Structures are given as C-alpha cells and as structure tokens.
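Below: one structure, written as structure tokens.
No Cβ is skipped: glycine too gets one built from the backbone with ideal geometry, and neighbour counts run over all protein chains shown. What follows draws every value from the coordinates through simple rules; no lab data is involved.
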Amino acid sequence: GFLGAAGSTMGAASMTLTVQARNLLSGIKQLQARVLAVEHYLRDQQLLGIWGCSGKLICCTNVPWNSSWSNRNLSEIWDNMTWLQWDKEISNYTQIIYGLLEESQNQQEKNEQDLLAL
Amino acid sequence: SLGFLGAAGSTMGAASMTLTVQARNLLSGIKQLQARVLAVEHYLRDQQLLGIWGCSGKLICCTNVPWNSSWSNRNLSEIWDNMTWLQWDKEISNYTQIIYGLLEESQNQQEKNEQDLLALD
Amino acid sequence: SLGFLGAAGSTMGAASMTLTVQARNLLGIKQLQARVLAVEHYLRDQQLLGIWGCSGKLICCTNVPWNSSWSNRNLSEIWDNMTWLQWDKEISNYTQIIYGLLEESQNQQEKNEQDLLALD
Amino acid sequence: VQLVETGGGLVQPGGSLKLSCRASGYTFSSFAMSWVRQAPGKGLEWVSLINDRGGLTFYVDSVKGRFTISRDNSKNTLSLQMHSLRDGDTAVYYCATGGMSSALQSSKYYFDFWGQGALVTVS
Amino acid sequence: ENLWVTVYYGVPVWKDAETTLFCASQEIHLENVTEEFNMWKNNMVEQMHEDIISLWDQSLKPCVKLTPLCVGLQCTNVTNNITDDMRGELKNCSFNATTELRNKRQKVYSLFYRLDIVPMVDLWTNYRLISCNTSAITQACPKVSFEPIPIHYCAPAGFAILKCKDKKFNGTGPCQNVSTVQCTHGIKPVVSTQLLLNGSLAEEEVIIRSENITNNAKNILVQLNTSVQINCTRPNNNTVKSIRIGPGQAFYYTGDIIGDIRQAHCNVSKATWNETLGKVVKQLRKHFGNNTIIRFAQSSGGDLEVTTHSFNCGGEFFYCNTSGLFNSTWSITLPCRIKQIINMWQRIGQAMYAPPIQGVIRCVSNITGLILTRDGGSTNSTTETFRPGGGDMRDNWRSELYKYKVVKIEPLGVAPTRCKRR
Ligand SMILES: *[C@@H]1O[C@H](CO)[C@@H](O[C@@H]2O[C@H](CO)[C@@H](O[C@@H]3O[C@H](CO)[C@@H](O)[C@H](O)[C@@H]3O)[C@H](O)[C@H]2NC(C)=O)[C@H](O)[C@H]1NC(C)=O
Ligand SMILES: *[C@@H]1O[C@H](CO)[C@@H](O[C@@H]2O[C@H](CO)[C@@H](O)[C@H](O)[C@H]2NC(C)=O)[C@H](O)[C@H]1NC(C)=O
Ligand SMILES: *[C@@H]1O[C@H](CO)[C@@H](O[C@@H]2O[C@H](CO)[C@@H](O)[C@H](O)[C@H]2NC(C)=O)[C@H](O)[C@H]1NC(C)=O
Ligand SMILES: *[C@@H]1O[C@H](CO)[C@@H](O[C@@H]2O[C@H](CO)[C@@H](O)[C@H](O)[C@H]2NC(C)=O)[C@H](O)[C@H]1NC(C)=O
Ligand SMILES: *[C@@H]1O[C@H](CO)[C@@H](O)[C@H](O)[C@H]1NC(C)=O
Ligand SMILES: *[C@@H]1O[C@H](CO)[C@@H](O)[C@H](O)[C@H]1NC(C)=O
Ligand SMILES: *[C@@H]1O[C@H](CO)[C@@H](O)[C@H](O)[C@H]1NC(C)=O
Ligand SMILES: *[C@@H]1O[C@H](CO)[C@@H](O)[C@H](O)[C@H]1NC(C)=O
Ligand SMILES: *[C@@H]1O[C@H](CO)[C@@H](O)[C@H](O)[C@H]1NC(C)=O
Ligand SMILES: *[C@@H]1O[C@H](CO)[C@@H](O)[C@H](O)[C@H]1NC(C)=O
Ligand SMILES: *[C@@H]1O[C@H](CO)[C@@H](O)[C@H](O)[C@H]1NC(C)=O
Ligand SMILES: *[C@@H]1O[C@H](CO)[C@@H](O)[C@H](O)[C@H]1NC(C)=O
Ligand SMILES: *[C@@H]1O[C@H](CO)[C@@H](O)[C@H](O)[C@H]1NC(C)=O
Ligand SMILES: *[C@@H]1O[C@H](CO)[C@@H](O)[C@H](O)[C@H]1NC(C)=O
Ligand SMILES: *[C@@H]1O[C@H](CO)[C@@H](O)[C@H](O)[C@H]1NC(C)=O
Ligand SMILES: *[C@@H]1O[C@H](CO)[C@@H](O)[C@H](O)[C@H]1NC(C)=O
Ligand SMILES: *[C@@H]1O[C@H](CO)[C@@H](O)[C@H](O)[C@H]1NC(C)=O
Ligand SMILES: *[C@@H]1O[C@H](CO)[C@@H](O)[C@H](O)[C@H]1NC(C)=O
Ligand SMILES: *[C@@H]1O[C@H](CO)[C@@H](O)[C@H](O)[C@H]1NC(C)=O
Ligand SMILES: *[C@@H]1O[C@H](CO)[C@@H](O)[C@H](O)[C@H]1NC(C)=O
Ligand SMILES: *[C@@H]1O[C@H](CO)[C@@H](O)[C@H](O)[C@H]1NC(C)=O
Ligand SMILES: *[C@@H]1O[C@H](CO)[C@@H](O)[C@H](O)[C@H]1NC(C)=O
Ligand SMILES: *[C@@H]1O[C@H](CO)[C@@H](O)[C@H](O)[C@H]1NC(C)=O
Ligand SMILES: *[C@@H]1O[C@H](CO)[C@@H](O)[C@H](O)[C@H]1NC(C)=O
Ligand SMILES: *[C@@H]1O[C@H](CO)[C@@H](O)[C@H](O)[C@H]1NC(C)=O
Ligand SMILES: *[C@@H]1O[C@H](CO)[C@@H](O)[C@H](O)[C@H]1NC(C)=O
Ligand SMILES: *[C@@H]1O[C@H](CO)[C@@H](O)[C@H](O)[C@H]1NC(C)=O
Ligand SMILES: *[C@@H]1O[C@H](CO)[C@@H](O)[C@H](O)[C@H]1NC(C)=O
C-alpha cells in the first residue's frame, strides 16, 4: 500500500517504488492544488532528467559515495534502517549530492557525443 | 498525412505508423484552466504509466510480457491486417488492467536484474 | 557558475556547456494562467523531444544529415565564432523542415528497432 | 510469381557487378527479400537478406565488407551490388522471398518464391 | 504463438466522455469509421444551456436596476388613432419617479403594454407593473445587444468532436459518414419557442427527430431542407425617452408614438408554408401509419411563453401567435404581441426589462425547423393531431448540436507482436 513500506527497511521498501508512484498526480483552491501537484511532479522529473535517470525508478550513477556523507556499511544501511531515518541522516548533504549528480551527467553526454562522433 | 484520427478506421498495422500525429495533439476563465489542467493530468498519467513499464521516450515499446491466449486467441494476421484499433480495444476490454499489472511487475524485475548486473565488478 | 542565460552572449561551443542551468529555470486567475502556460510550454518541448527519441537528454545526436541549404557554414565558424542567438536567427523558418525530418527519422528508427528485436 | 534476374554474367577478378530482381505476382513491399548463392557442386548458401521496408540489411561475414543489398518498393526492384568479387564467388545467385518478417507479421525464417538464378562467373 | 505484449502510444482509440468545452468566436474525414450517436444523451446541449444562462445572468449584473420603479401608477387609454386590434393593449400611465437627488421627485408618463401591468386596487393609482410583488426587474444595458452572434464549441486538448455528415441522420444510431473536428461550426444562440429560426437546413427531405416517436411526452423536432421566410414588423414610429432615476442610473421608456397606432403583425407566405406542411406530413407518415390522416391544431392554453412563438426580433421581444399556422386537416398574417418584463428562462427572481427600440422594427427571419408535441392524448384513431409547443429552451440547441459528439482520446494501448525486449 501507499507508504506501507515507510516503516520497512530500505532493502524491502525499494521493491515498492511503483506503489509509492502513481499517487503523485491523482473552486479555485482545488485548481491551485492540482497545479501545485503537477509542478512538483515535473520538478522532480526534470531533476531526474538532468541526471540521466529519466524513465527509471532505480537509477545507478557514476558518482562515488563519500564516506563523509555516511560511514555506514551496506548491511547497516539497507537491512537496519528505514528510508525516513536515512533521509534525516543525510539531509544536510542532499543538495551537494544532487550537484555532483548533475555534474556527472554534464560530462557523460559530452563523452557520448564524442564516442558517436568517431 | 491522413490527419489527427484519419487512421482510426484503418487497420492496426497501417494505423501504427501515425502515432506521432496523434501524440502531438494531446497537449494542444476558471473553466478553461480546469480544462487545461485536466488535459495536462491525463497526459502526465499516461506518460507516468509508460515510465513505470520502462517505455518512457518511445511510442512503440516492446516488452517482456508474453501474450496470453485467454486475452485474445487471434493470430497476428487477423489482429493487424483485418482489425482496427477500436475493434481491438473493444476486444481486450476487461483485460487491460491485468496487462498493466503484468507490465509493472515485469519492469520491476527488469530494474532489479539490471541493478544486479551492473553491480558485478 | 555563470547563471541563467549568463552564456547567452558566449559562443555556441561554450554555451552548450551550461544547458542544465537553462533547463532548471524553466519551472489569482492570472497567476494560474501563467503557471499553466509555463507547464504547457515545458510539456510541449518535452513531448517534442520524445517524438524525436531524445527524451531524457539535453544533447541528443540524431540520424538526420545537415543540408547545406539550411546553413552553408563549417563547424568552426558555427561553434567557435557565433552565439546561439545569431544561429537561431540564421536558421529561422528552416526549423520546421528539420523537425519534420527528425520526426520521420525517429519513426523509421523505431520500426527498424522493433523489427531487429523481432528476430529470434 | 515470375521473379526474374536481370543481372550480368561475366566479370574480371577484382571488378564489380550488379544483379537485380523484378517481381510481378505478389505485393513486393509486403515480403522480405534475400539472395542465396549456389556454387557449382557445393550446394547452396545464403548470402544476404533485406527487410520488407528496405531499412535493414544482413550479410554473411564473407561478403559483409563487399556486397550492398538494396530494394525499391517503387517499380518492385531488388538490387545487389557486388564489389571486389573473388574466384570463390562464382555461382548461381537466386532471388528469394521471405526469410524475415516484421513484428506485426507472422514468422517466416524460410525462403519461398525463388527466382530462376543469374550465373555470375569470375575469371 | 510466442507473442509478446507491445505498448503503443498515440493509438487512434476514443471513448464516449463529456467535459468542459471552450467558447470561441480543421475537418478530417474518418474512412471506414461507424460511430453511434445519441442527441438526447449529448451533454454538449446541457453545457450550452448552462453557458448561455451564465452569460445571460452576467450580462444583466452591471446594469441599471428598476427598484426605484415598481410603484402604483395611474393608467388611462391612449389617445390616438387606435385600431380595434390595439384596444386595451397599450396604456398611457403616469407615476412619481425618483431623480438623481434623493429628496427630489418627478412626474413621468410613458406608454406600457397591457402584458407588463397587473391591476391593483389602491388610491390615486389603479395599476402596478408585473413582477414587483415577486422577483425584481433589472434593465438591460443599452450598450449591449441580444443579436445571436454565432459561437463555436471547441474540445480541450486530449478530446475530439465527431461530426456526423449523413444527409438523412435522424439524431440517433450509427453514422457511417464521420469526420473529426476540434471546433463546431458557428451556432447562433437564437431564442424561440415554437419555430426554429436561422438554423441549419437539411440536405434532403425533412428530418423528423424524437427520443421516442410513440411517447407523446417527448417533443418532435422537424428540420426542413428549405427555409420559409417569415417577415415581421411593428409598424409604429415609437419615440423613446429616458430619465435619470438615480446617481448615474438611467431608465428608458416609450415616450410617444408618431402616427397611427396599429398592431405588430408577422407575415408567412401561403405558397411556401403550404407544401412545407405537406413535406412535414409526408415525413411524419414515415413513422405513423399510412391510413392515418394527420391534422394540425393550435397549441393548448397556458403561460404566454409556451402558447405563443416568442422569437426575439431586434431588441423588442415579439410574442407572435401561431394560430394562423398549423391549422389544417392533411399570405397569412398573424397578430404579433409585444412585452417588456420577461421571465426569459422560466425562472422567478431574474426578471429583465427590455427597453423599447427607437423607430420601426422590421425583421426578416428564416424558419429552418419547428417543434411538434402531437395530440398528447394519443387518440386510437386515424385523425392524429399535432399541436406546436415549446420546452425547456434546450431543443433550439439540440437542433444544431444533434450532429456532434465529444469523445476522449485513449492514446495508450497494447497488442501482441513478435517483439521481445532485451
Ligand atoms: C435571423 O437573421 C437575420 C439576418 O441576419 C436577422 O436580421 C438581422 O437582425 C439584425 C439585428 O436585429 C439587424 O441588424 C440591425 O440593423 C439595423 C440597420 O439599420 C441597425 O440599425 C440595428 O442596430 C441592427 O444592427 C439586421 O439588419 C437584420 N438583417 C436583415 C437582413 O434584416 C434576424 O434577426 C435573425 N433572426 C432572429 C430571430 O434574430
Ligand atoms: C399621455 O398622458 C399625458 C398626460 O396625461 C399626455 O401629456 C399631455 O398631453 C396633452 C395633449 O393631449 C398636452 O397638452 C399636455 O401638455 C401633456 N402634458 C404633459 C405633462 O406632458 C400625453 O400626451 C399622453 N400621451 C398619449 C400618447 O396619449
Ligand atoms: C404623484 O405625486 C403627486 C404629488 O407628489 C400626487 O398628486 C397629489 O396627490 C395627493 C394625494 O394625497 C393630493 O392630495 C394632491 O392634491 C396631489 N397633488 C396635486 C398637485 O394635485 C399624485 O397623485 C402622484 N401620482 C401617482 C400616480 O402616484
Ligand atoms: C404576484 O402578483 C401576481 C400578479 O401580478 C400574482 O399572480 C396571480 O397568479 C394567480 C395564479 O397562480 C392568479 O390566479 C391571480 O389572479 C394572479 N394575481 C393577479 C393580481 O392577477 C402572483 O400570485 C403574486 N405572487 C405571489 C407569490 O403571490
Ligand atoms: C516491523 O518489524 C518486525 C520486527 O520483527 C518485522 O517482522 C516486520 O515485518 C516489520 N514491519 C514491516 C512492515 O516490515
Ligand atoms: C569527500 O568530502 C570531503 C568534504 O566533505 C571532500 O574534501 C573530499 O574531497 C570528498 N571526497 C572526494 C573523493 O572528493
Ligand atoms: C556495519 O557496521 C556496524 C557498526 O555498528 C557493524 O556492527 C556491522 O557488523 C557492520 N557490518 C558489516 C557487514 O561489516
Ligand atoms: C544539519 O545542520 C544543522 C544546522 O546546520 C544541524 O543542527 C543538524 O544536526 C545537521 N544534521 C545532521 C544530520 O548532522
Ligand atoms: C477503408 O477501407 C478500404 C477497403 O477497401 C481501404 O482500401 C481504405 O484504405 C480504408 N481507409 C483508410 C483511410 O485506410
Ligand atoms: C494466462 O492466464 C491464465 C489465467 O489463470 C494462467 O493460468 C496462465 O498461466 C496464463 N498464461 C501464461 C503464459 O502465463
Ligand atoms: C488466423 O486465424 C483465422 C481464423 O481462424 C484464419 O482464417 C487465418 O488463416 C489465420 N491466419 C494465420 C496466418 O494463421
Ligand atoms: C467485459 O465484461 C462485461 C461485463 O458484463 C461484458 O459484458 C463484456 O462482454 C466483457 N468484455 C468482453 C470483451 O467479453
Ligand atoms: C566576450 O568576447 C571576448 C572576446 O575575446 C571573450 O574573451 C569573452 O570571453 C566573451 N565573453 C564571454 C562571456 O564569453
Ligand atoms: C536538402 O538536401 C537535398 C539533397 O540532399 C536537396 O535536394 C534539397 O533541396 C535540400 N533542401 C532545401 C530546402 O533546399
Ligand atoms: C569556415 O568558413 C569561413 C568562411 O570564409 C572561413 O573563413 C573559415 O576559415 C572556415 N573554417 C574552416 C575550419 O573551414
Ligand atoms: C527564411 O529564413 C531566412 C533566414 O534569414 C530569411 O532570410 C528568409 O526570408 C526566410 N524566409 C521567408 C519566406 O521569410
Ligand atoms: C379603455 O380600454 C379598455 C380595454 O378594454 C376598455 O374596456 C375601456 O372602455 C377603454 N376606455 C376608454 C375611456 O376608452
Ligand atoms: C433513427 O434512425 C435509426 C437508424 O438505424 C433507427 O434505428 C431509429 O429507430 C431511428 N429513430 C427514430 C426516432 O426515427
Ligand atoms: C460524406 O460527406 C462528404 C461531405 O463533403 C461527402 O463529400 C462524401 O461523399 C460523404 N460520403 C458518404 C459516404 O456519404
Ligand atoms: C427538399 O425536400 C423535398 C422533399 O420532396 C424535395 O422535393 C425538394 O426538392 C428538396 N429541396 C432541396 C433544395 O433540396
Ligand atoms: C416509448 O415509450 C414506451 C413507454 O411504455 C415504450 O413502451 C416504447 O417501447 C418506447 N419506444 C421507444 C422507441 O423507445
Ligand atoms: C403583411 O401583409 C399585409 C397584407 O396586405 C401587408 O399590408 C403588410 O404590409 C405586410 N407586412 C410585411 C411586414 O410584410
Ligand atoms: C419579405 O421581405 C423581402 C424584402 O426583403 C421580400 O423580398 C420577401 O418577398 C418578403 N417575404 C414575405 C414572405 O413577406
Ligand atoms: C406509405 O406511403 C409511402 C408513399 O410512397 C410509401 O412509400 C410507403 O411504403 C407506404 N407505407 C406502407 C406501409 O405501405
Ligand atoms: C391566437 O389567435 C386565435 C384566433 O382566434 C385565438 O383563438 C388564440 O387564443 C390566440 N392565441 C393566443 C395565445 O392568445
Ligand atoms: C382553421 O381552418 C379553418 C378552415 O376553414 C377555418 O375555418 C378556421 O377558422 C381556422 N382556424 C383559425 C384559428 O383561424
Ligand atoms: C419617426 O419620427 C421622427 C420625428 O423626428 C423621425 O426623425 C424619424 O425618422 C421617424 N422614424 C420613422 C421610422 O419613421
Ligand atoms: C434565408 O433563406 C434564403 C433563401 O435563399 C437565403 O438566401 C438566406 O441567406 C437565408 N438567410 C439566413 C439568415 O439563413
């Protein structure tokens, strides 16, 4: 169910991404609410697009993980944490991570542009 | 060449070549804004539903869900050469939600398999 | 680091490095009309890229060859010696032909890929 | 279906030769087309295949860098342009219909409606 | 057969759906497409009705209210060369009106129609205006008009309008000649109660449309292929005067009449209306038995808005009497009355005052259809009677929207192919 995996561990909650999806899109106040929901959805989709993750729910990237963001191992991160606690732990670095993700895509397309130019 | 819905009465094979003509026509005082928001919401729900299936950015999307003979047992010649999209859509009523669920599950498995394949050093 | 449209007066080969800066800045009745028209312009551009098979990309290479009748210039003068505004003015009223060719090329590519993926 | 080769029949080693097929008894644009080669006394082998729309071409490795196969749905014409012909390419070249179909058609993966065959000799 | 699901976007499939349409002020033919239409389930009619009500109500808000009127007034017989037909129909009435100053009064006289006045027993007065005990009266702004300017209904993006072009389409059932449009043709919101004016003509014969041709409670819409020209007129050179009744609120009234006073008559040519009724009967005989002798009769009594034919003319709101028509056993002049305090949409609480229009009014309208209500009693005989009648004012727009349907586009679909991913 919607947000049912919020209290589950991240390893289990990552398999319900399509359940959390679809609930993002569906007298002046109702129209403002609809426009706001559409605007937030499109901002998130554009943010994925500029990272090279468009059309995917689980997108792997080329940005290495910095141990200063979190020094936990994968077993502790994925089996002993929920997404809410993880989101709280690394919120102070989230925008930095986003910037790095954007930069990686800026390089990646240029490399592809060169590889297809041979 | 045939117009917005000119291929509606043509066969499914012929009509499959006019997808962009119809795709362009899905996007283009309080009630006018309500109509525009409804059009945007329908477009975005369809694009999201394609994205869930891994079909984002394509108008013709091949998938990994096998066709069940209980949905329709017609061969490809009858479906594509002797039938229109309206008659076909009528034929597969009550089955589209099963197909959509199977496509969603198949793409979730595809994403997990791709993530695991990309995790090999 | 230059900011929104900061590269507008730079050359095309330099301004092409700041596409994400422009992309991130594209998103009571009058206020709703302005927000809905901004959303509609964004969605029409994204649908148009999708029709061309360029969804999810900012720099998208295609299979349409360049016609010498559209702009009889070499890459050095186009990319290193002129701006995107001058280019946009130079190829005005040629963009609809290019868009039609891109649409047809993507339709042919989708049919070819479907046929290639139909081989056992 | 009266599929008839109108190509040449004598070339020097290292030269080029064009073959073509004309069809009349079937819808040309509805079928894939191919060329199949029969060297004397060695049986038959497939050489090249083209899709029904003409956008896709496939070759055996021994000719991939030398032969170009093309088709024109107008005038119902198949063409094969062979460059750098070798002594091993002396054979009867037959037109064939099928061997491929689009995703919206039933499977074939077989050859039908064979032509009568052009004889190509490399001196 | 080793078939796999392939998803297509841009699929030419649509489903019946209704939504909000744009009011504006091309056609693509669909070969081998048969669509089912139903003009009595088409929500474009209800939306057009509600939109016209909204525009009507909004147009009367920024206008002069007549609450300084609705006083007792003393009426007498008009002194002029008045014919017999106009005796008692027009009265010369006087009243005390307010001025631009709160503490001033003026004595004003004007000519009112009898239908705008109700008798009242009081002292120094003997009449009052109608719709003063109930509702309120708002004067229509003189700077606007009621001309039926054609409008277009346009579907929103994601929707399409299907148009049926079958020459003999009867408003329901399958249609084989179908085209797709984004906007309808220009539709004139002409307001009439018994005859359909300035509408569309049929390509062939006469088209008889009814939700249930055997149920007497449903109306029959008759659309002709040829128009019948109706010429109407108010042959009286009325001189219109105006007064200020408040700080910037001006009231318009009939001041006087120059020349003799005669009725407002409307002429229907005999040589066209005859044989037009013959064609209507010939097509009615396609649904009723050949042994039945179809007769026409004047409508039954009741409210004036339904017993009379009340087409708007220019700015006056003529209420012609159609007893000269639809009287047979299958030049005609008909006495056309007028009125000024109008309950336009069969509503109480929104009475509108139509100001008199200067000079003579001579309208030339095209009759393109009409509304029949049958005998009502459905007599089990061979003398079936058709009376004209009205409705809820939506049939006037069904006569134009009958050929349009709104559909929602379903661009997403699935189909088996031999295309496996990977
Ligand atoms: C059906 O259509 C006819 C023809 O369009 C309508 O008659 C037209 O009505 C308009 C408005 O009533 C007339 O305009 C008027 O013209 C005079 C010219 O002096 C002007 O002073 C007025 O202010 C107004 O603009 C127009 O002349 C008239 N056309 C003809 C040929 O007579 C008719 O009213 C329509 N039917 C109904 C029921 O409305
Ligand atoms: C309506 O009545 C008014 C007053 O009852 C008439 O106005 C008077 O008309 C006479 C002519 O018959 C003049 O001599 C007076 O001077 C008028 N008085 C005022 C105050 O105007 C008016 O003429 C009548 N109108 C009609 C059409 O009968
Ligand atoms: C309009 O108002 C005038 C006065 O403002 C009315 O005439 C007077 O009526 C009173 C009734 O009590 C008489 O006593 C006066 O003699 C009248 N005035 C004159 C000068 O004779 C008149 O009746 C009002 N008319 C209407 C229709 O309301
Ligand atoms: C408001 O006044 C009107 C008349 O102006 C009243 O109309 C009456 O209607 C009934 C029919 O229902 C008739 O029998 C009466 O004769 C009418 N009255 C007159 C004076 O002719 C109407 O009833 C009044 N409104 C209300 C709510 O009572
Ligand atoms: C909550 O924690 C318990 C601990 O055993 C676990 O069994 C349960 O599955 C958890 N809830 C969810 C929704 O995963
Ligand atoms: C990790 O982060 C620190 C500061 O948070 C930074 O100095 C360091 O360079 C980062 N790691 C890499 C590999 O760049
Ligand atoms: C992860 O770190 C924690 C530190 O609390 C440790 O207890 C745990 O064993 C570690 N896991 C692995 C797989 O090394
Ligand atoms: C984030 O920063 C705020 C103040 O900048 C600090 O109070 C908070 O604890 C920080 N979060 C983490 C997870 O360290
Ligand atoms: C309608 O059907 C006929 C059948 O002969 C076909 O030839 C025609 O192409 C069809 N219409 C369209 C628009 O394809
Ligand atoms: C088709 O649907 C039926 C419904 O029970 C199911 O049993 C069958 O396995 C399905 N076919 C395939 C190939 O999965
Ligand atoms: C498809 O099925 C129909 C009906 O059974 C049959 O007539 C037709 O020949 C079949 N076609 C193929 C290619 O199997
Ligand atoms: C879908 O279900 C309805 C329910 O009665 C049925 O009438 C209809 O025929 C079904 N669809 C098909 C294609 O059989
Ligand atoms: C403006 O032109 C000069 C000329 O060389 C160039 O050096 C400078 O970088 C240009 N400005 C920008 C923003 O690129
Ligand atoms: C585009 O190129 C073709 C040849 O490649 C030429 O015939 C055509 O005229 C060119 N386009 C224009 C607009 O001139
Ligand atoms: C491009 O064309 C211009 C036009 O004269 C010329 O000056 C310039 O040298 C050319 N550059 C190249 C790299 O060919
Ligand atoms: C097309 O664009 C060029 C670019 O300068 C312009 O000169 C030309 O006038 C345009 N064509 C028309 C018909 O305006
Ligand atoms: C005024 O008109 C009415 C209408 O019927 C009539 O009964 C009355 O006798 C007339 N009075 C005069 C004085 O002409
Ligand atoms: C309208 O025409 C259709 C055409 O099939 C017919 O079935 C239907 O009974 C007709 N209805 C009326 C009221 O004439
Ligand atoms: C459909 O209507 C159009 C209107 O122009 C006409 O040309 C066409 O012949 C009609 N077709 C049929 C089959 O009635
Ligand atoms: C109108 O229909 C009648 C029916 O018989 C016919 O006689 C007449 O010629 C038609 N007129 C036109 C203009 O189509
Ligand atoms: C009309 O209504 C009557 C009411 O009983 C019904 O019997 C009849 O079948 C209806 N006819 C149509 C055509 O709907
Ligand atoms: C109506 O007909 C009568 C008959 O004589 C004529 O006097 C009158 O002027 C006509 N009016 C119009 C408006 O045609
Ligand atoms: C109506 O008046 C016009 C003048 O515009 C005249 O030609 C026509 O014959 C008249 N028709 C009738 C029925 O009086
Ligand atoms: C009634 O008369 C018309 C006149 O032509 C005829 O076509 C129709 O068939 C007749 N009906 C019957 C039931 O005989
Ligand atoms: C129309 O005129 C006739 C002529 O006698 C009359 O009987 C009928 O009542 C009139 N209609 C109205 C609504 O007054
Ligand atoms: C109807 O027509 C008859 C035929 O003579 C006539 O006597 C009668 O007066 C007419 N009805 C009206 C209301 O004029
Ligand atoms: C009515 O009379 C006035 C008197 O001034 C005149 O100006 C006007 O033209 C006349 N109108 C008609 C329609 O006779
Ligand atoms: C009325 O009918 C006549 C008949 O030819 C036509 O010329 C005229 O345009 C029509 N007027 C309207 C407003 O429909």
Going by amide H atoms built from the backbone, whose H comes under 5 Å of the H on D:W46, apart from near neighbours? D:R37
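What is the ratio of the Cα radius of gyration of the stretch B:1-120 to 2.2 N^0.38 Å, where N is its residue count, to two decimals? Write down the numbers at each step before the final one.
Details: Rg = 17.4 Å, N = 120, 2.2 N^0.38 = 13.6 Å.
Cα-based Rg divided by the globular estimate yields 1.28.
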Rounded to the nearest Å, the spacing of the alpha-carbon centers of the stretch E:76-95 and the stretch D:67-100 is 102
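Counting other C-beta atoms within 10 Å, and keeping those with at most 15, which DSSP coil chymotrypsin sites (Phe, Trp or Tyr not before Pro) do you find in the stretch D:1-41? Walk me through the numbers on the way to the answer.
Working: sites: D:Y26, D:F28, D:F31, D:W35; in loops: D:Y26, D:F31.
Here the sparse-neighbourhood loop sites are D:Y26.
Which value at 222 nm does chain E reach when only helices count, each DSSP H run of 4 or more adding -39,500 (n - 2.57), with the total divided by all residues and rounded to the nearest 500 deg cm²/dmol?
On the way: 4 runs with 43 residues, N = 422.
After summing the helix terms and dividing by the residues of chain E, the value is -3000 deg cm²/dmol.
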Using θ = phi - 60° and Karplus 6.51 cos²θ - 1.76 cosθ + 1.60, couplings along the stretch E:221-232 (whole Hz; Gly, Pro as x): 9, 10, 10, 8, 7, 10, 7, 10, 7, 9, 10, 10
Ranked from fewest to most other Cβ atoms within 10 Å of their own Cβ, E:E211, A:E112 fall in the order A:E112, E:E211
Please list log₁₀ I(q)/I(0) at q = 0.05, 0.07 Å⁻¹ for the protein assembly as shown, using the Debye equation with identical point scatterers on the alpha-carbon positions. -0.49, -0.83
Is there a simple number for the mean count of other chain Cβ atoms within 10 Å of the Cβ of residues in E:157-169, and what is it? 3
Taking neighbour counts of Cβ atoms within 10 Å as a proxy for exposure, in what order, fewest first, do E:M344, A:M15 appear? A:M15, E:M344
Please report, in whole Å³, the volume per residue of the convex hull around the C-alpha atoms of the stretch E:202-308. 216
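Among the trypsin sites (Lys or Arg not before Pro) in the stretch E:344-419, which ones are in a DSSP loop with at most 12 other Cβ atoms within 10 Å of the Cβ? Mind listing them? Show your work: numbers first, answer last.
Values: sites: E:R347, E:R362, E:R374, E:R394, E:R398, E:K403, E:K405, E:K408, E:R418; in loops: E:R347, E:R374, E:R394, E:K403, E:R418.
Answer in residue order: E:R347.
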Restricting the stretch D:20-69 to trypsin sites (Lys or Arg not before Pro) in coil, as DSSP defines it, with at most 11 other Cβ within 10 Å: D:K42, D:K64
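With 10 angstrom as the radius, rank E:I409, A:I97 by how many other C-beta atoms surround their C-beta, starting from the fewest. Please report the intermediate quantities before stating the final value.
Values: E:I409 24, A:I97 15.
Going from least to most buried by this count: A:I97, E:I409.
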Check E:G171: other-chain or 5+ apart residues with amide H under 5 Å from its amide H, H built from backbone geometry? none
Unpaired by the 4.7 Å Cβ criterion, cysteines found in chain E: E:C23
Cα centroid of the stretch E:279-357 to Cα centroid of the stretch A:46-118, whole Å: 75
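How crowded by other chains is B:68-80, given as the mean number of beta carbons from other chains within 10 Å of each beta carbon? Could the numbers behind the result be given before it?
Details: counts 3, 3, 0, 3, 3, 1, 1, 4, 13, 3, 0, 5, 8.
Going residue by residue through B:68-80 and averaging, the value is 4.
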How big is the stretch D:5-123 by the Kirkwood estimate over distinct Cα pairs, in Å? 14.4
